[PDB]
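Written below as structure tokens is the structure these notes are about.
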Amino acid sequence: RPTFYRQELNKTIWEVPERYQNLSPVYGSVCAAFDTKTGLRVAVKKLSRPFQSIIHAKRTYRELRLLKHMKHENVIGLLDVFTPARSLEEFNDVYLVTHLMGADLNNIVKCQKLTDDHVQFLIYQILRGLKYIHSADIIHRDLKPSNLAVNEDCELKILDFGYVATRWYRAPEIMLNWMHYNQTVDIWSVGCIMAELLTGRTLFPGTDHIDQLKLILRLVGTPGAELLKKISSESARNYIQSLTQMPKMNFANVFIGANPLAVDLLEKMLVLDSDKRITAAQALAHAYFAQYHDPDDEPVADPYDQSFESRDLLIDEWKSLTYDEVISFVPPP
Ligand SMILES: CNC(=O)c1cc(Oc2ccc(NC(=O)Nc3ccc(Cl)c(C(F)(F)F)c3)cc2)ccn1
């Protein structure tokens, strides 16, 4: 067992192993830190009140379970997970050790203008990380530029914190009510991000969920009868058919002189019918990614157990299960 040191950072008390040094404030309580074991700079996240309720406790276990499973170059990873607690009995705090994100995707644009090669590389990497995530039966559901970390080498990872409104990137099926989300809600978001990288502008800068859906309809059209077949709710249907028919615009016209192959892929991503949306594994083999695509270096995830999601449990049970997950952590190479 490591040896800890306490400090006030700030009005919060931080208890971390000596391995982590020079903590400075940077989610909900993150310090940048020097990881003296690897020589690297890390994000250390201290969770506030992880076990305060059943919902908080489930949330905490869910995040720990997910971070521990994520083992991909284009996806956030868990460098370490620690508690000062010695026993289940004194177990109250959970700290997450992640690589430090400097700039997100927006910070990267609001620095410099992007080549078509940059869009290719950036969107390649989002899709390759998403391929991995989707294959674990996980759906991100909040993909947007603030959830994507990009280094000085323009290398990218997917994360989720919890600009930059989530709605601008939301699939239309989410802003009505579903549920019965499929994975390609995440492809819509990617579509929305990719257009914005090309255009330098928010594709659907809705003022709210209504104005949002108005903007979406202009570009892609109002649904046709084959999509209207699949809509269950009575209205639901008395909004879409109660709104004047719109033609599906010509993407080539809307997307300027962007690369015509980026215009093709966009078309295939921003389909109003979630069933006809290109998947991540399909998007990787698109001609826009010819310079980056390698069928043999686009890995999938190990099987991922999320049966816990159907369980309603007590705070102490969620908390014990988180404690196990903390104890069974195997630090990566
Ligand atoms: C400017 N510096 C910082 O503020 C800072 C804070 C950091 O802390 C973080 C610590 C943990 C997480 N947890 C996730 O990301 N959770 C996640 C949930 C669902 C899903 Cl689906 C995924 C996914 F997609 F990856 F798989 C990831 C996010 C950020 C890291 C780096 N930098």
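In case it helps, full-length UniProt numbering puts the sequence shown at residues 5 to 30, 35 to 170, 182 to 352. Yeah, the Cβ is synthetic: ideal placement off N, Cα and C, and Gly gets one too.
Close-in-space but distant-in-sequence residues of the same chain around residue i (CB under 8 Å, 5 per side omitted)
{"i": "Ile193", "result": "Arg149, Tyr200, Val204"}
{"i": "residue 180", "result": "Structure remark: the chain lacks residues between 170 and 182, so residue 180 is without coordinates."}
{"i": "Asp227", "result": "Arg186"}
{"i": "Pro6", "result": "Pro21, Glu22, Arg23, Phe90"}
{"i": "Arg237", "result": "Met265, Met268"}
{"i": "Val239", "result": "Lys267, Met268, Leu289, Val290, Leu291"}
{"i": "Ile229", "result": "none"}
Residue i versus residue j - alpha carbon distance
{"i": "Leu104", "j": "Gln301", "result": "33 Å"}
{"i": "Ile141", "j": "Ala41", "result": "28 Å"}
{"i": "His77", "j": "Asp324", "result": "10 Å"}
{"i": "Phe270", "j": "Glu286", "result": "7 Å"}
{"i": "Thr106", "j": "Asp343", "result": "20 Å"}
{"i": "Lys152", "j": "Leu167", "result": "10 Å"}
{"i": "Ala214", "j": "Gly243", "result": "24 Å"}
{"i": "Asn114", "j": "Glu97", "result": "43 Å"}
{"i": "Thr16", "j": "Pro266", "result": "55 Å"}
{"i": "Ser261", "j": "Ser154", "result": "35 Å"}
{"i": "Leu333", "j": "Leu75", "result": "22 Å"}
{"i": "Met288", "j": "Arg189", "result": "13 Å"}
{"i": "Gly276", "j": "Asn257", "result": "37 Å"}
{"i": "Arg49", "j": "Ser254", "result": "52 Å"}
{"i": "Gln60", "j": "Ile250", "result": "39 Å"}
{"i": "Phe274", "j": "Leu284", "result": "12 Å"}
{"i": "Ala306", "j": "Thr46", "result": "39 Å"}
{"i": "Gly225", "j": "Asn196", "result": "17 Å"}
{"i": "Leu156", "j": "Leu217", "result": "17 Å"}
{"i": "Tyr182", "j": "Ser208", "result": "15 Å"}
{"i": "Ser293", "j": "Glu328", "result": "24 Å"}
{"i": "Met198", "j": "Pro58", "result": "27 Å"}
{"i": "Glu245", "j": "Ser252", "result": "15 Å"}
Identity of the residue in the options nearest residue i by Cα
{"i": "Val83", "options": "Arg10, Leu135, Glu336, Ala65", "result": "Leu135"}
{"i": "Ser95", "options": "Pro29, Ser339, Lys165, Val349", "result": "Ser339"}
{"i": "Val102", "options": "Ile297, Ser251, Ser329, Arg67", "result": "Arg67"}
{"i": "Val349", "options": "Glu12, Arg73, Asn159", "result": "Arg73"}
{"i": "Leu247", "options": "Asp316, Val20, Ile259, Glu328", "result": "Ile259"}
{"i": "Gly219", "options": "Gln120, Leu284, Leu75, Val209", "result": "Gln120"}
{"i": "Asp124", "options": "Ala255, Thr298, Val282", "result": "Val282"}
{"i": "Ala144", "options": "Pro322, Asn278, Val345, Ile346", "result": "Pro322"}
{"i": "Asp335", "options": "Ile62, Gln310, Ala184", "result": "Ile62"}
{"i": "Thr241", "options": "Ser252, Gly225, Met268", "result": "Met268"}
{"i": "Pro352", "options": "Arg70, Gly85, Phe59, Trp18", "result": "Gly85"}
{"i": "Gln310", "options": "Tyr132, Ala51, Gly110", "result": "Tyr132"}
{"i": "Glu160", "options": "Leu108, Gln60, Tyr182", "result": "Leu108"}
{"i": "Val319", "options": "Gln11, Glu81, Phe59, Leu216", "result": "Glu81"}
{"i": "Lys165", "options": "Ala111, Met198, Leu48", "result": "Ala111"}
{"i": "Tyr35", "options": "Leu122, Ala51, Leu156, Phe169", "result": "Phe169"}
{"i": "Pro279", "options": "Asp294, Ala299, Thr298, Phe308", "result": "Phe308"}
{"i": "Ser326", "options": "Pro58, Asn272, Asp43, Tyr69", "result": "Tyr69"}
{"i": "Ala65", "options": "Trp337, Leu195, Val345", "result": "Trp337"}
{"i": "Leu87", "options": "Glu71, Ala51, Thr298", "result": "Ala51"}
{"i": "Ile346", "options": "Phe99, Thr44, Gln25, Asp43", "result": "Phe99"}
Beta-carbon contacts of residue i that lie in its chain and below 7 Å, excluding the five residues immediately before and after
{"i": "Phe223", "result": "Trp187, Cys211, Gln231, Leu234, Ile235"}
{"i": "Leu13", "result": "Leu27, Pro29, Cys39"}
{"i": "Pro191", "result": "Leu232, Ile235, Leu291"}
{"i": "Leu303", "result": "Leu135, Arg136, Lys139, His312, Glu317"}
{"i": "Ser37", "result": "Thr16, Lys53, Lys54, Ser56"}
{"i": "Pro92", "result": "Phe8, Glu19, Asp101"}
{"i": "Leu122", "result": "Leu216"}
{"i": "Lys118", "result": "none"}
In DSSP terms, what residue i is bridged to
{"i": "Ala111", "result": "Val158"}
{"i": "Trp18", "result": "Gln11"}
{"i": "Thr106", "result": "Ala51"}
{"i": "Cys39", "result": "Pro29, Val52"}
{"i": "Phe90", "result": "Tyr103"}
{"i": "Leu164", "result": "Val158"}
{"i": "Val83", "result": "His80, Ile166"}
{"i": "residue 400", "result": "Within the shown structure, residues of the chain are numbered from 5 to 352, placing residue 400 beyond reach of any answer."}
Residues of its chain near residue i, where Cβ-Cβ distance is below 6 Å and the 5 sequence neighbours each way are ignored
{"i": "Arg296", "result": "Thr203, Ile206, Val290"}
{"i": "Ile146", "result": "none"}
{"i": "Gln11", "result": "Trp18"}
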